[PDB]
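Trainee: Residue numbers (this note's numbering), protein chains in the order written: chain X, 1 to 50; chain F, 1 to 134; chain A, 1 to 86; chain S, 1 to 135; chain C, 1 to 158; chain Z, 1 to 122; chain R, 1 to 53; chain E, 1 to 59. Backbone N, C-alpha and C define an ideal beta-carbon position, used for all residues, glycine too. Dropping the structure in here first, questions after.
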RNA sequence: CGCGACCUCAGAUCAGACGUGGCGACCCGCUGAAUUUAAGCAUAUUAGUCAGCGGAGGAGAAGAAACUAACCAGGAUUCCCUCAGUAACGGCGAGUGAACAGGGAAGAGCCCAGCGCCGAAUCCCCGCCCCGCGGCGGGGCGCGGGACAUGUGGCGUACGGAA
RNA sequence: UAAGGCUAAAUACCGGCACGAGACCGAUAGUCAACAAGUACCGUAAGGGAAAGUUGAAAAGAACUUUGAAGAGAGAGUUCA
RNA sequence: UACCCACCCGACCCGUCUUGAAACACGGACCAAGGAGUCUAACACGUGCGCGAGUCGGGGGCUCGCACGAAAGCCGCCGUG
RNA sequence: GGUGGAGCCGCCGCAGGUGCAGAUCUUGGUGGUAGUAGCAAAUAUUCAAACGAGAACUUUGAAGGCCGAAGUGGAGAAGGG
RNA sequence: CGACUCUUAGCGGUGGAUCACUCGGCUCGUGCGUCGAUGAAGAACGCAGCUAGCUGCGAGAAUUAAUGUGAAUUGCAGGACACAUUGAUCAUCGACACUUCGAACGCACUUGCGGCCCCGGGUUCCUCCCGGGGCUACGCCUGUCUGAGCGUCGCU
Ligand SMILES: [Mg+2]
Ligand SMILES: [Mg+2]
Ligand SMILES: [Mg+2]
Ligand SMILES: [Mg+2]
Ligand SMILES: [Mg+2]
Ligand SMILES: [Mg+2]
Ligand SMILES: [Mg+2]
Ligand SMILES: [Mg+2]
Ligand SMILES: [Mg+2]
Ligand SMILES: [Mg+2]
Ligand SMILES: [Mg+2]
Ligand SMILES: [Mg+2]
Ligand SMILES: [Mg+2]
Ligand SMILES: [Mg+2]
Ligand SMILES: [Mg+2]
Ligand SMILES: [Mg+2]
Ligand SMILES: [Mg+2]
Ligand SMILES: [Mg+2]
Ligand SMILES: [Mg+2]
Ligand SMILES: [Mg+2]
Ligand SMILES: [Mg+2]
Ligand SMILES: [Mg+2]
Ligand SMILES: [Mg+2]
Ligand SMILES: [Mg+2]
Ligand SMILES: [Mg+2]
Ligand SMILES: [Mg+2]
Ligand SMILES: [Mg+2]
Ligand SMILES: [Mg+2]
Ligand SMILES: [Mg+2]
Ligand SMILES: [Mg+2]
């Protein structure tokens, strides 16, 4: 929007950090069931919580 | 038969209380017997295994009489990691192989302030039960 | 033209983020939330759809006062006493 | 009296249920007074009430309230029974002198509904099958 | 739709039996919940008739029932000034006081007085203190018993 | 080398603040080292130091409050922090005089007509 | 839950059910014919001293 | 500098001064998309950044 | 053109308390249908039920008769059996539809106001000490406050009580 | 014997904590949910609301040669398999 | 007896509603898996067993931390109905 | 017979959420159609070199073209993030 | 034997039934019966050496001190320590702590605006200004202070 509030900025900051993959090393943990993130978003499809 | 309600007996509930028990408890669980020599000397049947305790494999592929010393303890995989107990991987990089306490026998306890007092207190409990039965 | 050609001019917002609920339901015009209902002192829970009740009740959250209450009781609610030292 | 609060006549549904002007509140007005005074002073705990005066359009109910937490009440017994958390707003549950008359309890051949604890806990008992274990 | 000879049947399940059904798989655990009270109360009040206080002979009311007799609520008042027992003392001595009975006849009065007279005589008043004075029954009549009366005190048989 | 609660407990308040402020500084640098490569050796310490700040600051608020609840111990009119936090219902339970109080009428009855002990039929 | 789980017997029925069970606790035919491996047993209503309690 | 997000300029200024026994001409803050507040701090002309980089360990 | 009691009534970021949301199976007030049922249908019923709303606790309400009875009488509450699916209600139709006695679980009883008796015998809040302080309490000592005479304490409350 | 008032006990408990069990269901069943489940996603919103358990005993999970830009193969190796 | 094939005779596609369906009536691409007379109360007759002018069943009691037990046993209860 | 790798069945009883082809039945999968419909709105591309395993599709150059300042030009709002 | 096709068979896939397991349900019992302005329930954001998620926690943030416990911890690093040591880890938890919303409390919700108290710098109360700490939401109870009233009087 270019005119954001702070509250809205603090959202996207958070959301933005939540996209990063999975650290590969996770997949070596003793008892995994985890292979790929599976809560990833893309701006174009799935349009935030707004 | 068990009796005391306020204990479980449920296929599932203590299957669960396994691979969810904390490291606190896993010590007691991860215990192996002592060899006849110690079992005589000390009046204690079985002990919690410890990092640098000397051990004989009894069951498993590579059972033997070779007294290897323990190296570390997956209390997570909930299994111990011994000395010449090992296998060669595809690259030559030797990896140790897992064994329980329960499938192993202690041939030399590594003694201590804290471990002695257990050996006293277990042997004192044993004899108190035999003196009580007497 | 009430479809596609109107799924078009959809620029401007009714709902936004509630500062009590967390949900995206501040009515900006009415300034009542309509998930909890804000200026309304009391939550709009509602005996009404038990489904939407069991989405936010004691339990679902953290219970960061609460979960350590039931701890304290179990064992007896004492205070200002420390276990015998070494 | 009381007036069915519905948009115009519009008491939708069947012609029994089809009224609005002429119909009365279950409780008494005195108990409403007690309600609203105990509901102002939410700290205070309602006791009970006299009548002072009336008009064609109102009634003036004067109400006795107590601080549970004047030491003049915690410390004297007899009085120290309001303090206890059970009695939190007696007037909203219908435990007041006036408030209870509405519930319609007593002993005898008329206080027959309300022969469990209360009006409701009569039928809770009567509209249940005691389906025993062992039949 | 009836067919050829039955009864009418107004079974009353048009309401909602379903929601408010009480099943009774408490019954036996309740039996035991109860057991532990009967049990505990007795061990708490050690020497004291487990069943409860002494309670009067009394006639059932309505015409059919006449010929029966009961443990009533409690002995009348008129009854006591006669037996020479103060009403507030009786309540401490395990003597059940209803104070709400219209006594109409000398038959059922003296019948019921004899129960108090009987009670006094086979009652070991266990004394306030150990080193205690009058009316408490002697250290012989004291050693002999620790005996809870199991079952209803001086049971009323028709 | 752990800054244990052994060695702090019996120390002066102003001394702890120096040792805290020693650690605070030291932590700030370990963050720098994190960004500028540093070393695994340093990137562990950053936890030990963080926590050692707690090990310290604990002792400060411990020993303050121990002290502070020793003024008003005895004084009636004392602040909320220190007032005893059980449960709201529980802090509005009656006092422990104000139930074992009895009306004088009632005491007079407890005296004249106490409950004997007795078994019967003998 | 309110299936009629449990059931019912007359006292007398279920007293002389015990009779019939006890009477056939003699008769080695019936007892053996449950695979009750009684062949070297001395006698069948097998009574023992009260030392055993 | 990355800075704690509730910081003002007169706090960032009496911080950076207090520590790298420095002095500050002006502070100038933004909020990175990430929530980290940046603040780039001009140091008075008498006084060099390229030296005080090596003191604080950066470079 | 004052000062002073009281009565009513304000203001205090006053000293000290407290109330408000949630939870909500169970608990209590109220409110309150229509599907549905009656082969329709509105009477009735669903059903004082759901939603709505209000209110509580470790349980909730009730409770020491303005009762029951018609006996040769019983004797607070609640609960289970039982009455009994009965007395009655109803386009007496669909349905509805309780109670009284007995047995049993448990079982405890009590307190006010007034009439009067008793130098308010009372109560509240300060200050100084003595003990006590992780449910703020005793003990004393203070012409330190104040309510209360439009009424505070004891006995007493109907089963009699006072004298 | 009303117009004032209190009260344990039995008595109720699909919410909570904490347990014990079963003629139970057994992963299209069993609660929506054995797992990132009230999660992903949808609707502006009230609200709606999924799919998805299993290597082996041990990663011992193909080192190395070789073909192939790489995906893939052939040998080889590991494995009781 | 079953697989392919060969021949000779026979021969319309099931399900369903239907006086009458191969229907120029409707369902039905194929396959896996899921899937529809259940429980309770009340009657009624039929039958099985106990006792019999009785007979019961509770609800209550007495006998358990149940392992089996939330069982079984027993009660002028046993008849207050 | 093979494969599979952990448990299973016979009788006498008792207990069921009990036997599918059907319900435009529920869920998941799969065909035929079928290598079928189709990749048609704005006139427009060509050459050379680079890069590259691989080039009609990238890039640079050259050439032909279009939008054609009421724009396919240059900046913003809400929205988007 | 040419190709296609059908049937059956021999094998290759695709699919994911069946079976076999099961840290989950479901049902039924028992014990207890756990909130809050000292500031709940609920939300927001942040926090690990390498960490997205769940979970755990709160600027002492993958915890705090203490007591048991008693050598690990670990996907990989890294470590102290002296494992003759609160001594690794875990459970307990009782010692201390409690970012932002919220009944959410100075007023509003922009995240802005203030008021009133203190303590740093500034001043040297000179006022800002810059820094720091405490208060300030509505209702109502007991008390206190200050009042108002041609209300009722009293004394003048
Ligand atoms: Mg889009
Ligand atoms: Mg009894
Ligand atoms: Mg009195
Ligand atoms: Mg409330
Ligand atoms: Mg019809
Ligand atoms: Mg009809
Ligand atoms: Mg109709
Ligand atoms: Mg009607
Ligand atoms: Mg009705
Ligand atoms: Mg009705
Ligand atoms: Mg409702
Ligand atoms: Mg009665
Ligand atoms: Mg009364
Ligand atoms: Mg009451
Ligand atoms: Mg009560
Ligand atoms: Mg599945
Ligand atoms: Mg499922
Ligand atoms: Mg599979
Ligand atoms: Mg499978
Ligand atoms: Mg195999
Ligand atoms: Mg037809
Ligand atoms: Mg035709
Ligand atoms: Mg048709
Ligand atoms: Mg089944
Ligand atoms: Mg099937
Ligand atoms: Mg043109
Ligand atoms: Mg541009
Ligand atoms: Mg599947
Ligand atoms: Mg499967
Ligand atoms: Mg005046």
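For residue 117 of chain Z, decide whether its Cβ has a neighbour in chain C, counting only Cβ atoms nearer than 8 Å.
Mentor: For residue 117 of chain Z, the answer is yes, since a Cβ of chain C falls inside 8 Å of its Cβ.
Trainee: Give the secondary structure of residue 39 of chain E by DSSP, where H, G and I count as helix, E and B as strand, and everything else as coil.
Mentor: Correct three-state label for residue 39 of chain E: strand.
Trainee: Run the proximity test for residue 109 of chain Z: is its beta-carbon closer than 7 Å to any non-hydrogen atom belonging to ligand 3?
Mentor: Every heavy atom of ligand 3 is 7 Å or more from the Cβ of residue 109 of chain Z, so no.
Trainee: Where does residue 93 of chain C land, buried or exposed, given buried means 16+ other C-beta within 10 angstroms?
Mentor: Looking at its Cβ environment, which holds 16 or more other Cβ atoms inside 10 Å, residue 93 of chain C is buried.
Trainee: Return the CA-CA distance between residue 25 of chain S and residue 39 of chain A, expressed in angstroms with no decimal places.
Mentor: Cα to Cα, the separation comes out at about 31 Å.
Trainee: Residue 16 of chain A lies in the beta strand (DSSP E); which residues open and close that run?
Mentor: First-last of the beta strand (DSSP E) with residue 16 of chain A: 15-17.
Trainee: Are the C-beta atoms of residue 31 of chain E and some chain X residue less than 8 Å apart?
Mentor: Yes, residue 31 of chain E counts as interfacial toward chain X.
Trainee: Can the beta-carbon of residue 38 of chain S be found less than 8 Å from the beta-carbon of residue 46 of chain S?
Mentor: Yes, they are a contact pair.
Trainee: Give the DSSP bridge partners of residue 2 of chain C, in chain order.
Mentor: Answer is none; residue 2 of chain C lacks a bridge partner.
Trainee: Just the chain E side, please: which residues come within less than 7 Å of residue 10 of chain X by C-beta, in chain order?
Mentor: Those are 35, listed as they occur along chain E.
Trainee: Need the endpoints of the beta strand (DSSP E) that residue 54 of chain F sits in, please.
Mentor: Taken as a continuous stretch (DSSP letters only), the beta strand (DSSP E) holding residue 54 of chain F covers 54-57.
Trainee: For residue 111 of chain S, write down the residues that DSSP places opposite it in a beta bridge.
Mentor: Answer by DSSP bridge pairing: none, since residue 111 of chain S is not bridged.
Trainee: Determine the closest residue to residue 8 of chain E out of E/47, E/56, E/39 and E/53, with distance taken between C-alpha atoms.
Mentor: The residue with the shortest Cα to Cα distance from residue 8 of chain E is E/39.
Trainee: Excluding sequence positions up to five away, which residues of its chain have a Cβ less than 7 Å from the Cβ of residue 34 of chain A?
Mentor: Result list for residue 34 of chain A: 25 and 27, in chain order.
Trainee: Less than 7 Å separating the Cβ of residue 102 of chain Z from some heavy atom of ligand 3?
Mentor: Checking the Cβ of residue 102 of chain Z against ligand 3 gives no.
Trainee: The beta strand (DSSP E) spanning residue 70 of chain A covers which residue range?
Mentor: It is not in any beta strand (DSSP E) - residue 70 of chain A instead sits in the alpha helix (DSSP H) that spans 67-75.
Trainee: Got a sec? Which residues, its chain only, sit under 6 Å from residue 107 of chain F by beta carbon, not counting five neighbours each side?
Mentor: Once the five neighbours on either side are set aside, the close Cβ partners of residue 107 of chain F are 35, 54, 56 and 67.
Trainee: Ignoring anything shorter than 3 residues or poking outside the stretch 33-116 of chain F, list the beta strand (DSSP E) runs there in chain order.
Mentor: Here the runs fully enclosed are 46-48, 54-57, 72-74, 79-81 and 104-108.
Trainee: Here's the rule I'm using: 16 or more other beta-carbon atoms within 10 Å means buried, otherwise exposed. How should residue 36 of chain A be labelled?
Mentor: When all chains shown are included, residue 36 of chain A counts as buried.
Trainee: Taking the alpha helix (DSSP H) that residue 50 of chain A belongs to, which residues open and close that run?
Mentor: 50-53 is the span of the alpha helix (DSSP H), which, as asked, contains residue 50 of chain A.
Trainee: What's the call for residue 76 of chain C, buried or exposed, on a 16-neighbour Cβ count within 10 Å?
Mentor: The residue is buried, with at least 16 neighbouring Cβ atoms inside 10 Å.
Trainee: Take the Cβ of residue 80 of chain Z as the centre, count every other Cβ of all protein chains shown within 10 Å, and call the residue buried at 16 or more, exposed below.
Mentor: Answer is exposed; the Cβ neighbour count stays below 16.
Trainee: Does the separation of the CB atoms of residue 105 of chain S and residue 114 of chain S fall below 8 Å?
Mentor: Yes, the Cβ-Cβ distance between residue 105 of chain S and residue 114 of chain S is below 8 Å.
Trainee: Mind listing which residues of the stretch 11-41 of chain C have their C-beta closer than 7 Å to chain S's C-betas, in chain order?
Mentor: Result list: 15, 17, 20, 21, 22, 23, 24, 25 and 27.
Trainee: Can you confirm whether residue 120 of chain S, when its beta carbon is compared against all beta carbons of chain C, has any partner nearer than 8 Å?
Mentor: It does not; no Cβ of chain C falls within 8 Å.
Trainee: Would you call the CB atoms of residue 59 of chain Z and residue 23 of chain Z closer than 8 Å?
Mentor: For residue 59 of chain Z and residue 23 of chain Z, no; Cβs fall outside 8 Å.
Trainee: Please list, following the chain, all residues that have a C-beta closer than 6 Å to any non-hydrogen atom of ligand 8.
Mentor: Every residue passing the under-6 Å Cβ criterion appears here: S/14 and S/16.
Trainee: Bridge partners of residue 24 of chain A, per DSSP?
Mentor: Its beta-bridge partners are A/17.
Trainee: Does any residue of chain A bring its CB to less than 8 Å from the CB of residue 78 of chain Z?
Mentor: So, not an interface residue.
Trainee: Measuring straight from C-alpha to C-alpha, what distance separates residue 45 of chain R and residue 20 of chain R?
Mentor: Distance between the alpha carbons of residue 45 of chain R and residue 20 of chain R is about 14 Å.
Trainee: Using only the alpha-carbon positions, how far apart do residue 93 of chain S and residue 99 of chain S sit?
Mentor: When rounded, the distance between both Cα atoms is 8 Å.
Trainee: List, in order along the chain, the chain Z residues whose C-beta lies closer than 8 Å to that of residue 83 of chain S?
Mentor: Those within 8 Å of residue 83 of chain S in chain Z are 94 and 98.
Trainee: Could you please give the first and the last residue of the uninterrupted beta strand (DSSP E) stretch that includes residue 26 of chain E?
Mentor: It spans 24-26 - the beta strand (DSSP E) in which residue 26 of chain E sits, taken as one unbroken run.
Trainee: Which of helix, strand or coil does DSSP assign to residue 33 of chain S?
Mentor: Residue 33 of chain S: helix per DSSP, three-state reduction.
Trainee: Given a cut-off of 8 Å on the beta-carbon distance, is the pair residue 33 of chain F and residue 45 of chain F in contact?
Mentor: Yes, the Cβ-Cβ distance between residue 33 of chain F and residue 45 of chain F is below 8 Å.
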